[PDB]
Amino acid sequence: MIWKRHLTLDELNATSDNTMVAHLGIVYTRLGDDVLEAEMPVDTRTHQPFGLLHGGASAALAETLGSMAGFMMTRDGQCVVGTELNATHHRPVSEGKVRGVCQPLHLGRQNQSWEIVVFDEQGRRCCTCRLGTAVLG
């Protein structure tokens, strides 16, 4: 696979401890050869004042996924940090939960780029994001 670090879903959902990831109901749901996935609830934790999925929640979901993916691409003595994020909101989400699908675009030695697409519970694309990360040391 692509990953340098080999971790289980249980282990991934364990780093979440008392952070924003956990705080937002984000759960890592799949780890494939070259893809990381997570789901996140659409309720009062992730709402904006009109009752729709807060665009900021999709963003945070994307930075989470890209960073964790970045982390699993590093050797034992390295850190990975999100440096650059962008996101396009195509469709509102009023109900259910969303799934984020993160895949590599560029896996460099000093920095990387990740794609994260966010789907609603009908598999409809609602948000496209890209995260650039920095590998340190």
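So that there is no doubt, residue numbering starts at 1 and follows the sequence shown.
Chemist: Would you determine, from the values in the PDB entry, which of 48-56 and 62-70 has the greater average C-alpha temperature factor?
Modeler: Looking at the record's C-alpha B-factors, the answer is 48-56.
Chemist: Quick one: say whether 5-13 or 117-125 has the higher mean Cα B-factor in the deposited entry.
Modeler: Looking at the record's C-alpha B-factors, the answer is 5-13.
Chemist: From the list 82, 32, 100, 108, select the residue with the highest C-alpha B factor recorded in the entry.
Modeler: Result of the comparison over 82, 32, 100, 108: 108.
Chemist: Considering only modelled residues of the same chain, in which third does the CA B-factor of residue 41 rank: lowest, middle or highest?
Modeler: CA B-factor rank for residue 41: middle third.
Chemist: Ranking every modelled residue in this chain by its Cα temperature factor as given in the entry, which third contains residue 86?
Modeler: Ranked within chain, residue 86 CA B lands in the lowest tercile.
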